[PDB]
Amino acid sequence: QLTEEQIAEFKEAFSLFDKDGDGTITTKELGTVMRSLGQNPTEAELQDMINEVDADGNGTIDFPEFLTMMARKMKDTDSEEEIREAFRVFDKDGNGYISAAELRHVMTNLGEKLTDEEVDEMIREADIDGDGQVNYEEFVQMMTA
Amino acid sequence: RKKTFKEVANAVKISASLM
Ligand SMILES: [Ca+2]
Ligand SMILES: [Ca+2]
Ligand SMILES: [Ca+2]
Ligand SMILES: [Ca+2]
């Protein structure tokens with residue numbers, strides 16, 4: 001009952017954490033991403049996070065456990081706030097415009113290495129006023145359409 | 001197959017909910 005786009009988005013999210021593509025999320029990877037998002041969790045908290053969904057008790061999070069974790073952690077915060085957070089993640093210098101270089105640097109930092117051509121294309125997918133950049137209004141439009 | 005901004009942005013939206 002999920003759309004292939006949604007599944008694709010969750011798989012993409014999973015891969016951002018699973019930077020070594022070994023198939024699982026470790027406390028290390030969970031910590032890496034969170035840190036890349038302005039957070040600073042302790043090892044104890046990271047361990048707690050995994051154990052809360054580690055059904056097979058192997059010390060790591062697999063895809064089905066990841067989705068389990070996400071399903072409950074995004075029910076204690078609504079969309080608009082999350083969308084706003086993502087924008088802040090992309091707009092590094094916070095000048096209100098997501099540039100092509102910022103999009104590229106950000107995704108690389110999260111593990112998704114993209115070419116200048118690809119990133120330029122992504123920007124074009126959300127750009128509405130054709131200035132080659134994505135402002136909050138355009139970003140929100142993409143995330144809600 | 002090839003990534004779109006929407007897909008990638010939502011991945012980040014999802015990932016950022018852990019904050
Ligand atoms: Ca891994
Ligand atoms: Ca597990
Ligand atoms: Ca910017
Ligand atoms: Ca624009």
# chains A, B, ... in the order shown; residues from 1 in each chain; ligands from 1
call {"tool": "residues_near_ligand", "arguments": {"ligand": "ligand 4", "cutoff": "9 Å", "atoms": "only C-alpha atoms and all ligand atoms", "output": "MDAnalysis selection string"}}
result
chainID A and resid 97:98 123:124 126:135 137:138
call {"tool": "residues_near_ligand", "arguments": {"ligand": "ligand 3", "cutoff": "12 Å", "atoms": "only C-alpha atoms and all ligand atoms", "output": "list in words"}}
result
residues 87, 88, 89, 90, 91, 92, 93, 94, 95, 96, 97, 98, 99, 100, 101, 102, 103, 104, 105, 106, 132, 133, 134, 135 and 136 of chain A
call {"tool": "write_last_selection", "arguments": {"atoms": "C-alpha atoms", "output": "tab-separated table (two decimals), in the first residue's frame"}}
result
chain	number	residue	atom	x	y	z
A	87	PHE	CA	15.63	23.12	3.83
A	88	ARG	CA	17.96	24.33	6.59
A	89	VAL	CA	20.09	21.25	5.94
A	90	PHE	CA	20.40	22.09	2.24
A	91	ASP	CA	20.83	25.87	2.62
A	92	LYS	CA	24.24	25.68	4.30
A	93	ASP	CA	25.07	29.39	4.48
A	94	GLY	CA	21.44	30.05	5.37
A	95	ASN	CA	21.13	32.82	2.77
A	96	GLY	CA	17.65	31.53	1.93
A	97	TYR	CA	18.69	29.94	-1.36
A	98	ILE	CA	19.75	26.36	-1.97
A	99	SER	CA	22.54	26.70	-4.54
A	100	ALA	CA	23.77	23.91	-6.81
A	101	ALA	CA	27.08	23.72	-4.96
A	102	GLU	CA	25.30	23.52	-1.59
A	103	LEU	CA	23.09	20.71	-2.82
A	104	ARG	CA	26.13	18.87	-4.10
A	105	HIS	CA	28.22	19.33	-0.94
A	106	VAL	CA	25.31	18.34	1.30
A	132	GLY	CA	19.16	28.47	-10.87
A	133	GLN	CA	18.55	28.26	-7.10
A	134	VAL	CA	15.86	26.94	-4.79
A	135	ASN	CA	14.31	29.23	-2.20
A	136	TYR	CA	12.12	28.08	0.70
call {"tool": "closest_atom_pairs", "arguments": {"of": "chain B", "to": "chain A", "cutoff": "6 Å", "atoms": "only C-alpha atoms", "output": "Markdown table"}}
result
| residue | atom | partner | partner_atom | distance |
| --- | --- | --- | --- | --- |
| B:4 | CA | A:122 | CA | 5.9 |
| B:5 | CA | A:122 | CA | 4.8 |
| B:7 | CA | A:9 | CA | 5.2 |
| B:11 | CA | A:13 | CA | 4.3 |
| B:12 | CA | A:86 | CA | 5.9 |
| B:13 | CA | A:86 | CA | 5.0 |
| B:17 | CA | A:74 | CA | 5.7 |
call {"tool": "write_last_selection", "arguments": {"atoms": "C-alpha atoms", "output": "PDB file, in the first residue's frame"}}
result
ATOM      1  CA  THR B   4      15.393  13.304  -8.486  1.00  0.00           C
ATOM      2  CA  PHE B   5      15.531  16.248  -6.084  1.00  0.00           C
ATOM      3  CA  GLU B   7      13.405  11.724  -3.746  1.00  0.00           C
ATOM      4  CA  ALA B  11      15.236  11.180   2.199  1.00  0.00           C
ATOM      5  CA  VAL B  12      16.743  14.100   4.109  1.00  0.00           C
ATOM      6  CA  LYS B  13      13.336  15.095   5.491  1.00  0.00           C
ATOM      7  CA  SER B  17      13.125  13.650  11.851  1.00  0.00           C
TER       8      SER B  17
END
call {"tool": "residues_near_ligand", "arguments": {"ligand": "ligand 1", "cutoff": "8 Å", "atoms": "only C-alpha atoms and all ligand atoms", "output": "compact mmCIF listing (two decimals) with N, CA, C and O atoms, in the first residue's frame"}}
result
# COMPACT_ATOMS: atom_id res chain seq x y z
N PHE A 17 22.28 6.58 5.75
CA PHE A 17 22.85 6.12 7.02
C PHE A 17 23.85 4.99 6.73
O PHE A 17 24.97 4.99 7.23
N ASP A 18 23.42 4.04 5.92
CA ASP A 18 24.22 2.89 5.54
C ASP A 18 25.28 3.30 4.51
O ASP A 18 25.26 2.84 3.37
N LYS A 19 26.22 4.15 4.92
CA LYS A 19 27.26 4.65 4.03
C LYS A 19 28.27 3.65 3.47
O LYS A 19 28.96 3.96 2.49
N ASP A 20 28.36 2.47 4.07
CA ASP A 20 29.30 1.47 3.57
C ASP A 20 28.53 0.43 2.78
O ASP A 20 29.09 -0.59 2.37
N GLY A 21 27.25 0.70 2.58
CA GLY A 21 26.40 -0.21 1.84
C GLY A 21 26.55 -1.66 2.26
O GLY A 21 26.51 -2.56 1.43
N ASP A 22 26.73 -1.88 3.56
CA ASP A 22 26.88 -3.24 4.07
C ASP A 22 25.52 -3.84 4.42
O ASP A 22 25.43 -4.99 4.85
N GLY A 23 24.46 -3.05 4.23
CA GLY A 23 23.11 -3.53 4.51
C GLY A 23 22.50 -3.19 5.85
O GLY A 23 21.31 -3.44 6.08
N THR A 24 23.29 -2.62 6.76
CA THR A 24 22.76 -2.27 8.07
C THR A 24 23.26 -0.93 8.58
O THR A 24 24.27 -0.41 8.10
N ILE A 25 22.53 -0.41 9.57
CA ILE A 25 22.86 0.86 10.21
C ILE A 25 23.43 0.57 11.59
O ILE A 25 22.76 -0.04 12.43
N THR A 26 24.65 1.03 11.83
CA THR A 26 25.32 0.82 13.11
C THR A 26 25.19 2.08 13.96
O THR A 26 24.73 3.12 13.49
N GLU A 29 27.12 4.75 12.16
CA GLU A 29 26.45 5.41 11.02
C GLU A 29 25.28 6.28 11.47
O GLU A 29 25.04 7.35 10.92
call {"tool": "residues_near_ligand", "arguments": {"ligand": "ligand 2", "cutoff": "7 Å", "atoms": "only C-alpha atoms and all ligand atoms", "output": "list in words"}}
result
residues 54, 55, 56, 57, 58, 59, 60, 61, 62 and 65 of chain A
call {"tool": "select_by_dssp", "arguments": {"residues": "chain A", "states": "alpha helix (DSSP H)", "output": "PyMOL selection string"}}
result
chain A and resi 4-17+27-36+43-51+63-73+79-90+100-110+116-126+136-144
